[PDB]
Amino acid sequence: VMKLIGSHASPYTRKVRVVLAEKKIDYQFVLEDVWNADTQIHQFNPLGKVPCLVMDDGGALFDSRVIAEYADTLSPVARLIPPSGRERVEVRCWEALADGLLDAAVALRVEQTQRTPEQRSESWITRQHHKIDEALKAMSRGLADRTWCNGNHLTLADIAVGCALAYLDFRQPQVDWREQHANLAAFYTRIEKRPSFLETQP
């Protein structure tokens, strides 16, 4: 049974867990705290980050984009990444946009947990908030009046976006993205009802 090393809070881990649920791939979830000085994560991921997927042969895979892509090939249930052309690049770019919102949101969390008050930079905080604001605007423009991010079915784009919006609710709950972007609010109301999202809340 493949092992996924991660945490319940990690939104990049959540992206992978939603993918695995949507693909109906069996796995064992192994919890690790990567921020603790005595973490053992470097035995498996040289970058010291979660998620990391460890196979039966002991092969380790990372990061979340690589794992999600691999998982899509492992099972015939759902079609999360289009095989080619315009649709594939669109889906990859949506994943990058969502991962970039996560990067900014996680940076804001790291600024509070990994730096003392004297080490914190208000210009850095402002900069990450601006990225989140701009990413949300792009997601809203991109989705427009459509049900799905790309094509007419669930893809990794939807999963990635859903994880990003849910992570804002969890760690930046004062960011009122629903008020600014009604289509993203409606999108999330739909996606959060999926069992894959229900079973992977942070």
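Residue numbers run from 1 along the displayed sequence.
The PDB entry reports B-factors from which the mean C-alpha value can be compared for 118-126 and 94-102; the larger average falls on 118-126. Of the two segments, 132-140 and 50-58, the one listed with the higher mean B-factor is 50-58 (C-alpha atoms only). When the C-alpha B-factors of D176, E69, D63, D158 are ranked from the entry, the top spot goes to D176.
For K15, the recorded CA B-factor ranks within the lowest third of the chain. Only modelled residues enter the ranking. Ranked against the other modelled residues of its chain, the C-alpha B-factor of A37 as given in the entry falls in the highest third. When the CA B factors of the chain's modelled residues are split into thirds, the value for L108 lands in the middle one.
The deposited CA B-factor of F29 belongs to the middle third of values across its chain. When the CA B factors of the chain's modelled residues are split into thirds, the value for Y167 lands in the lowest one.
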